[PDB]
């Protein structure tokens, strides 16, 4: 019934975040399938302007079948709308709502022994702002936008003057969507911090709180500083578009580069807001299936604090080519390199936890091991990009695209899958079939690597970001990348089958702790699922 959506219990809200983030994730991933259909071969075959002259639903189905080049007038605006929609949905309405709003709302109170969050009614409102923001983002795709078409083709970061001069009001809907998303994240952050400090169980000191609840705690602080800054930046876009201000228009004395400073001041913290809850899940998962407590619990907590603090003083590594002086280029390059030290402490500690254990290679452990390997690959290419002298070549190329998909789609997303297989039995009372979770992992591992590793080659060859079409020489590795994306998509549909099977007819969970004794946190001392009233 509709009692799912009006609940204020932190367990039901976390489930609503998880399911909603999953469906929005399916929509955004479907966008990437269409994107990789067009990038599979040089020349434009799918995004033809001729499809505009047909019906909204008729032209959609025509868009999915290839036309010959001589019958396909390239429509770059649709490409720009697709990649903008794909990026906006992922960064604001998928991974953070799933890790923070989902697993954070469900398990952080359980991990600290709290019965609920400090403000359950506020926690229910945060979910509805997320759903409201998601609706406005989707509606912008069908609203009058740039070039007399629908949708905003301005990139997920909304650089002006392009974003401030895009015709229509689709861009205004996109800004309102990001406003609602940030409000949802801020309300959630307020609830994590107040519950973490005021509602811990007697005897649970801060040096006894498990690492996942710490990761949610640090993430909630980053949200409170980063997302008001972004709200100002995107509000200055709204007033330049609608209220005659000239914050970013040079004719009225403005500076477009000023926006990039304000947006990237949020833009990099947002990136550590994504991955920190995934760090905490990896700690719990690896300690469970290595049958050994986590190595260096206190350095693990500090390293996340060090990562969260440094993530606020490195933002200009997104602006090496935007006209920054040699001195600022030098500082931000050196400040960015420092982040590798606390991150490496966590990576080596995770291997130290495995060292000398009794490792079971069940599905949640597979995701965590893939995380270690694949997040390291993405993290070291970020260090490459931190060198402004080398970023001169790589900036706005697919090498950057390869970098951030290895840390997000092959890292943070691997933490999401790790948490789902680790906790679906606890959340639902039903267990997933082990053979299918393993086949999902290997399909995703092979497909996602085939998708994104060749983009290193394309970037080194100079393929720019946000291109509907590319010179013929880029054809080979674009073809491989598209094949990997199709295999990856098959693995995600298979995963949805696995989730549907698990929830409807999966093996009934009977034990409070169906894993082993080294899952030593409070949720494993409760039933599966936990009762409707905790503590």
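Take the two forms, find the largest set of C-alpha atoms that superpose within 1.5 Å, and that set is the rigid core. Residue numbers count along the first chain shown, from 1.
Stretch 337-345 is the one, of 186-194 and 337-345, whose CA positions lie farther from the shown form in 4 other deposited structures of this protein once all structures are superposed by the rigid core. In terms of root mean square C-alpha deviation after superposing on the rigid core in 4 other deposited structures of this protein, the stretch standing farther out between 407-415 and 420-428 is 407-415. Comparing the deposited coordinates for 446-454 and 349-357, the stretch with the larger average C-alpha B-factor is 349-357. Stretches compared: 36-44, 59-67. Higher mean C-alpha B-factor in the entry: 59-67. Considering 302, 92, 398, 422 together, the PDB entry gives 302 the largest C-alpha B factor. Among 165, 171, 336, 135, the highest C-alpha B-factor recorded in the PDB entry belongs to 336. Among all modelled residues in this chain, the alpha-carbon of residue 112 has a temperature factor (C-alpha) in the highest third. Ranked within its chain, residue 283 lands in the middle third, by CA B factor from the PDB record. For residue 374, the recorded CA temperature factor ranks within the middle third of the chain's modelled residues. Split the chain's modelled residues into thirds by C-alpha temperature factor. Residue 504 is in the middle one.
Per-chain ranking of the deposited C-alpha B factor places residue 49 in the middle third.
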